[PDB]
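>>> need the 3D shape of this:
(chains A and B)
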Amino acid sequence: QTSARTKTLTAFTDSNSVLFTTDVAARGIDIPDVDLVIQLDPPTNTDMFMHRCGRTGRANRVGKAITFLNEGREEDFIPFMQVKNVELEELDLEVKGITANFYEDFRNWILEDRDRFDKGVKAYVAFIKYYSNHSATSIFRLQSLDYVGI
RNA sequence: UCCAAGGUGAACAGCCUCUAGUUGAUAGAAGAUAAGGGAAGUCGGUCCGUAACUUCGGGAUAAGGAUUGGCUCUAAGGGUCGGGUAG
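Numbering: from 1, shown residues only, chains lettered A, B, ... in the order given. Sure, structure below:
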């Protein structure tokens, strides 16, 4: 609802805060003091990519943008951005804290309420449909998608 | 000069019939084929076996035997009601 969106945006704009948002906030709106931008997946269209990581860097401020790749066709996204005059420097991040039970923890938390199971399966299917409507078909292939991994 | 059924034909045609008309016309009796030769003649010789397809609407939303749940932003998505502890 519009009122809830306005209230959430004005609470976030007003102390260290993390925002889980779709492409609604990607373009146009300016939240000051935003340091880090993470794109858990590359966008459906690449034109919006520059907007999603564009919320930072105002007045050459020290801000970082990070993106995540699926290891299968990751060799095509970087040159695609390079042709569009965008250079993505590879970053190596250690997967800390995953010694044991992360997927087990997720699974046993899903088993508590069937609503959680429904929301998870619905989100997975929605992501599959979202990946189906992807530009640059060669880069993002449905066949090469890691269905079990997702 | 007017009216004008049906079925086969599956090529106008021809053939057969329904409704409706005829039995009229002196009566009785008693073209085809061919063995061998081949112009020697005369002026002149549609139906059985395959495969892909293939008609109308209504549906919108990735499918339509399966465990259906299916993208981002963007008008509306039936009405109403309901929030704590203390003085």
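
>>> so how far is residue A:143 from the residue nearest in space to the middle of chain A?
Nearest to the geometric centre of chain A sits residue A:40, at 2.3 Å (CA atoms, centre = their mean). For residue A:40, the distance to residue A:143 (CB to CB, to the nearest Å) stands at 22 Å. Backbone N, C-alpha and C define where each C-beta goes, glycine included.

>>> just the helices in chain A please.
A:2-13, A:49-52, A:74-83, A:102-110, A:114-132 (DSSP state H).

>>> got a list of contacts for the longest one?
In this case it means helix A:114-132. Counting by CB atoms under 8 Å, 6 or more residues apart in numbering, helix A:114-132 makes contact with A:44, A:109-111, A:140, A:142, A:145, A:147, A:150, all of which sit outside it.

>>> my guess is the residue nearest to the centre of chain A meets residue A:68, correct?
Yes - Residue A:40 lies in contact with residue A:68 (CB atoms under 8 Å); the separation is 5.8 Å.

>>> which parts of chain A sit against RNA strand B?
A:22-24, A:44, A:118, A:121-122, A:125-126, A:128-130, A:132-133 (CB under 7 Å from any atom of the strand).

>>> among these, which ones are buried?
residue A:44 (16 or more other CB atoms under 10 Å).

>>> now the contacts of helix A:114-132: which count as buried?
A:44, A:110, A:140, A:145.

>>> which one of the residues you listed is nearest to RNA strand B?
Lowest distance from RNA strand B to those (CB to the nearest atom of the strand) belongs to residue A:44, with 5.5 Å.

>>> is it true that that closest one touches residue A:135?
Yes - look at residue A:44 against residue A:135 with CB under 8 Å: they come within range, at 6.9 Å.

>>> and the helices of chain A, which is most packed in?
Greatest average neighbour count among those goes to helix A:49-52 (a mean of 17), per mean count of other CB atoms under 10 Å.

>>> so what's residue A:134 up against?
Taking CB under 8 Å, 6+ apart as the test, what residue A:134 contacts is A:44, A:140.

>>> now do the residue sitting furthest away from the middle of chain A against residue A:103, distance only.
Residue farthest from the centre of chain A, counting by CA atoms, centre = their mean, is residue A:112 at 26.9 Å. Distance, residue A:112 to residue A:103, using CB to CB: 16 Å.
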